[PDB]
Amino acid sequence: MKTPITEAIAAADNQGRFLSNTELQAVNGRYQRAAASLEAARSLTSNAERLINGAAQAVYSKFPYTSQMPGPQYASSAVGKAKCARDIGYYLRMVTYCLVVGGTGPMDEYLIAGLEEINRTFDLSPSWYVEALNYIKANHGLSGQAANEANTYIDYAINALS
């Protein structure tokens, strides 16, 4: 998987050399930022259920047709509502993983790769997920650099969907 550390190694190894001060400074950079990343990861995790349920509700409120129209792609059935909250939970979980490793690798590998095909195939609208992510950003209650870290990854997902 891709992380700031494995990328530094990959860079050295691709050039057949030992790690240089450029790579050690890059790792130092990840270590210094980790305090804010882990504060955000801890906060998001302990508040997961609340953020997921509130995010699902924000989508249903913004897009009422999603809870009314019949069809497997909608949240108009019990299975539909369960899959919607599940999906939102997957996005929140990937965000915490990125915060932990210090990069977008977990999101890139487990969610972004194949995203376009899945959304088109199952008739899932990108904008539904953008609203759920916007809710999380507005309600996580973090401040300072921890809010910065959380939002950077949330925005990275929003950009992939836009």
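We number the residues from 1 along the sequence you see.
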query	finding
Residue range whose averaged C-alpha B-factor is higher in the record, 66-74 or 35-43	66-74
Higher-B stretch (mean Cα B-factor, as the entry records it), 48-56 or 94-102	48-56
Out of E131, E116, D108, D123, residue topping the C-alpha B-factor column of the entry	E116
Chain thirds of CA B-factor: placement of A147	lowest
CA B-factor ranking of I154, expressed as a third of its chain	lowest
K81 by Cα B-factor - lowest, middle or highest third of the modelled chain	highest
